[PDB]
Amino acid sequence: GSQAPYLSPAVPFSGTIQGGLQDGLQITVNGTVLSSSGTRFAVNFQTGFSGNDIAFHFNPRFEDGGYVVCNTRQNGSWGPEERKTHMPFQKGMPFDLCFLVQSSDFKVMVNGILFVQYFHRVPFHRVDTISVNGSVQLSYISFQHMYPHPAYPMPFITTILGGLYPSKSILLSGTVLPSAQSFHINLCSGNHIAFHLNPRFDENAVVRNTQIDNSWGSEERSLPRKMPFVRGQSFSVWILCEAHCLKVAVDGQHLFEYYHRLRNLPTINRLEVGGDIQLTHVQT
């Protein structure tokens, strides 16, 4: 069983990794590097919340042409720095950063490409905390016990085992096709669509509705700001189920609430994704 994800955690952030790091554990970080608020950010796998002991410090730096520093801190002492002289991140752009823990190292992938392989210097069992600081904003941090990035056929239909309930979250990472017209995300119950999320680029709107016995209800189109999705750009979306409504955020920014119309939450046990996007991650 994998622990629940951290949704839109505020930076600086520090959170427990339930059960500590384990061989086969994959930690996914979806966020966006700030456009004009600093020149570096870091993701740390550490022991406790002090910072004196960081088993793995992943530090992208938008300095001197861009590079990334990897190191370990033990009892306040930094070890030999391991640097990658190329920068896979971009200011103002969302990213998919995944850490795969293995017996001898951390496999670090950025937007689907293996970027760094960091051999353990400190026993990975001693890591019980993940922290994030710097010029970055977070959408979510998820956990999954293990392909790190499998191919998702479109449309993608999958079962939400156990269905919905208060505190249940659904996560999605993908990319809007450059030529995208629209795409949708449905949470279904039998022959009904409990929740329909439909971003439309041509209409420049994000439509939400419910379909009962093939009949659509009142459309909800409210948005706190401009269209959050961009053509050709990667994105992340999380849907949090509460007793009275669903809360939806895109790239870490709350977009809206959608009060339940179909109330038997456990029956909402199917997720369907279709349209003009490519999927990267899905957690149900």
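Numbering starts at 1 and follows the sequence shown.
Gap check for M146 to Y147: 4 to 9 deposited residues are absent from the model.
Taking only CA atoms, the mean B-factor in the PDB entry is higher for 218-226 than for the other of 218-226 and 39-47. When the C-alpha B-factors of 90-98 and 147-155 are averaged, 147-155 comes out higher. Taking the PDB entry at face value, the top CA B factor among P166, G76, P199, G134 belongs to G76. For the set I212, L187, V108, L171, the maximum C-alpha B-factor listed in the entry falls on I212. Among all modelled residues in its chain, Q26 ranks in the middle third by Cα B-factor. The PDB entry assigns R61 a C-alpha temperature factor belonging to the lowest third of its chain's modelled residues.
Ranked by Cα temperature factor within the chain, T85 sits in the highest third according to the deposited record. Looking at the C-alpha B-factors along this chain, the one for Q181 belongs to the middle third. Sort the chain's modelled residues by C-alpha temperature factor and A194 lands in the lowest third, per the entry.
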